[PDB]
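The next block holds one structure in the form of structure tokens; read it before the comments.
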Amino acid sequence: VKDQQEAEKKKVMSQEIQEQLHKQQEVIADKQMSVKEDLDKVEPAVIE
Amino acid sequence: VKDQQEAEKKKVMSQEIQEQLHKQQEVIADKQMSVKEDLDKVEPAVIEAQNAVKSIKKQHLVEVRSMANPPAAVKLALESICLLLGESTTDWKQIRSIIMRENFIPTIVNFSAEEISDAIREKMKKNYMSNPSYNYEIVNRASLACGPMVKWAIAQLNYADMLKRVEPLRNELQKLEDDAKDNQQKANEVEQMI
């Protein structure tokens with residue numbers, strides 16, 4: 001039972017990890033915007 | 001396993017309950033201080049409150065029919081009627097106010113949180129005027145009826161404004177109590193439901 005409870009505290013960490021998947025959505029959204037700004041800007045300097 | 005986990009969530013509630021035992025220590029400390037302030041203050045008013053019950057019909061009824069009021073009795077008696085709503089300086093309003101058989105009831109009724117600050121401050125000033133009279137004159141002996149209700153009105157004021165120091169403490173005690181009691185009810189529920 002105790003082990004299982006420690007595994008279920010680790011499942012509470014997997015719930016924190018699901019918050020961090022929401023943070024992955026924030027991270028992906030802002031990175032998709034920064035990567036778009038870097039596509040709009042950066043490809044000419046690489047060509048140059 | 002799942003049940004056990006629910007019982008162990010109820011053990012997390014027993015950890016909250018241990019926080020509420022720390023709240024019981026806060027609640028006990030502030031209550032021991034408020035109960036000490038209430039021991040320092042409240043026992044004379046209970047001694048006084050009992051002394052109206054003792055005071056005899058004959059002692060008051062003879063004096064209510066007197067032709068002229070004696071100067072210690074007037075000074076002490078006028079300011080009691082300034083509690084009792086028909087604020088007045090006249091002997092015949094004292095006679096009419098004190099005649100009613102509904103005056104054997106309200107001797108004990110009057111409460112110390114009903115008193116207004118300017119009424120307290122006026123009587124602190126009338127205490128500065130009448131300091132050698134009051135309970136000292138009651139001991140003298142103006143009458144057997146005077147002494148009791150004399151000390152009666154003489155107090156009440158020493159609760160007042162000193163009860164406003166007990167207004168944050170009692171309101172803090174109520175907030176600590178009502179949050180702690182609902183939480184202690186959750187404790188008795190939680191121990192049963194574990």
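Letters for chains follow the order of the structure tokens (A, B, ...), residue numbers begin at 1 for each chain, and ligand numbers begin at 1 in the order shown.
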**OP:** Could you give me, as an MDAnalysis selection string, the residues within 7 Å of region 63-79 of chain B, counting only C-alpha atoms and dropping anything in the same chain fewer than 2 positions from it?
**Re:** chainID B and resid 59:61 81:83 88:89 95 133:134 137 146 150
Keeping only N, CA and C atoms, take the residues you just selected and write them out as a compact mmCIF listing (two decimals), in the first residue's frame.
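Generated output (selection-v4.txt):
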# COMPACT_ATOMS: atom_id res chain seq x y z
N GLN B 59 -36.94 48.98 51.57
CA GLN B 59 -35.83 49.91 51.53
C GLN B 59 -36.00 50.94 50.42
N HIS B 60 -36.33 50.49 49.20
CA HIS B 60 -36.62 51.41 48.10
C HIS B 60 -37.97 52.13 48.22
N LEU B 61 -39.07 51.42 48.57
CA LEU B 61 -40.42 51.96 48.60
C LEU B 61 -40.64 53.09 49.60
N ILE B 81 -30.53 57.12 35.69
CA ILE B 81 -31.62 57.44 34.77
C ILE B 81 -31.11 57.98 33.44
N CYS B 82 -29.88 58.53 33.40
CA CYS B 82 -29.18 58.78 32.13
C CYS B 82 -28.76 57.51 31.38
N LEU B 83 -28.68 56.32 32.03
CA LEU B 83 -28.67 55.05 31.29
C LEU B 83 -30.04 54.68 30.79
N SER B 88 -32.77 62.61 32.60
CA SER B 88 -33.45 63.67 33.32
C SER B 88 -32.81 64.01 34.64
N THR B 89 -33.06 65.25 35.08
CA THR B 89 -32.45 65.87 36.25
C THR B 89 -33.49 66.19 37.31
N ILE B 95 -39.24 59.73 40.52
CA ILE B 95 -40.41 59.16 41.15
C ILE B 95 -41.27 58.41 40.14
N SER B 133 -18.35 61.11 47.06
CA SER B 133 -19.68 60.51 47.36
C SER B 133 -19.71 59.03 46.97
N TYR B 134 -20.54 58.64 46.00
CA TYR B 134 -20.58 57.25 45.45
C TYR B 134 -20.52 56.15 46.51
N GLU B 137 -19.91 57.15 50.21
CA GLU B 137 -21.13 57.65 50.89
C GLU B 137 -22.10 56.48 51.15
N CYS B 146 -29.37 52.39 48.85
CA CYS B 146 -28.34 53.08 48.03
C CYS B 146 -27.18 52.12 47.73
N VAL B 150 -25.95 51.60 43.96
CA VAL B 150 -24.89 52.65 43.83
C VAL B 150 -23.66 51.99 43.18
Original post:
If we count only C-alpha atoms, what is near residue 20 (chain B) at a cut-off of 10 Å, once residues fewer than 2 positions away on the same chain are taken out, given as a list in words?
Top reply: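 Surrounding residues, per the criterion: residues 14, 15, 16, 17, 18, 22, 23, 24, 25, 26, 27, 176, 179, 180, 181, 183, 184 and 187 of chain B.
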**OP:** Find the residue from B:143, B:110, B:4, B:127 that sits nearest to chain A; use only C-alpha atoms when measuring.
**Re:**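 Checking each of B:143, B:110, B:4, B:127 against chain A, counting only C-alpha atoms, the winner is B:4.
Picture a line from CA of residue 54 (chain B) to CA of residue 114 (chain B); it runs 24.7 Å.
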**OP:** Find the residues in chain A near chain B: any atom within 9 Å counts, using only C-alpha atoms. Write them as a count of residues only.
**Re:** 4
Subject >> All helix (DSSP H, G or I) residues (DSSP, backbone) inside region 9-194 of chain B, as a ChimeraX atom specification >> reply: /B:9-54,57-64,71-81,91-99,101-103,117-130,134-140,146-154,166-193
Subject >> Non-local contacts of region 167-174 of chain B (8 Å; only C-alpha atoms; under 5 positions in same chain excluded) as a ChimeraX atom specification >> reply: /B:27,30-31,34
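With only C-alpha atoms taken into account, the protein and nucleic acid residues at most 12 Å from residue 42 (chain B) (excluding it and anything under 4 positions from it in its own chain) are residues 34, 35, 36, 37, 38, 46, 47, 48, 49, 112, 155, 156, 157, 158, 159, 160, 162 and 163 of chain B.
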